[PDB]
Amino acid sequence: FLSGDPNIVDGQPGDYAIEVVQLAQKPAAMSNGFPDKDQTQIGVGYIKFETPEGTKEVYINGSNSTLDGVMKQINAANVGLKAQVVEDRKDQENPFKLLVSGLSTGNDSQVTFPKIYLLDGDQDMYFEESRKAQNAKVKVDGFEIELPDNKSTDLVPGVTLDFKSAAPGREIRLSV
């Protein structure tokens, strides 16, 4: 198996034409900005997630409701979510943001973020932005189809393809 561009599509007989239009997308949400990740407290209560495995409510203990504490409690809850704190200089005074993302891509792995219930915080936490889970969009011999993940065993029979990047308008030739 050879890909015309392993940095768009790689894998492990015929002439196969594949275009990666969009990668599959994880559902995700990003907080408003905070001036620090280790002092300003967001309060006590819970954050609600609606997931393919049902409603999940992650309990935020005032003990440690800094952005860092909340990230660690979301990760320790093991509810199909991965949290991290990122720095976004769009607001230089409030650069720190909580990013929470599903672990799976595809329309069927949707996560929503419908409620943050928190009392006594130093500052309001909210998800300023969210993104829905999405399928990959790929073209096979010019036909756009949707895939749940960034891999396929069906497009090139006998090969497992992994999409490495989205490159709309950059059709790649593969051979086997």
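Numbering starts at 1 and runs along the sequence shown.
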From residue 12 to residue 13, how many deposited residues does the entry skip: none, 1 to 3, 4 to 9, or 10 or more?
4 to 9
Can you tell me whether 66 to 74 has a higher mean C-alpha B factor than 119 to 127 in this record, or the other way round?
119 to 127
Could you check the entry and say whether 22 to 30 or 38 to 46 has the higher mean CA B-factor?
38 to 46
Among the modelled residues of its chain, does the C-alpha B-factor of residue 146 lie in the lowest, middle or highest third?
lowest
Please place residue 82 in the lowest, middle or highest third of its chain according to the CA B-factor in the PDB entry.
middle
Taking the chain's C-alpha temperature factors as the reference, tell me which third residue 7 falls into: lowest, middle or highest.
lowest
Residue 92 CA temperature factor, ranked by third within the chain
highest
Per the entry's values, where does residue 55 land by CA temperature factor relative to the rest of its chain, in the lowest, middle or highest third?
highest
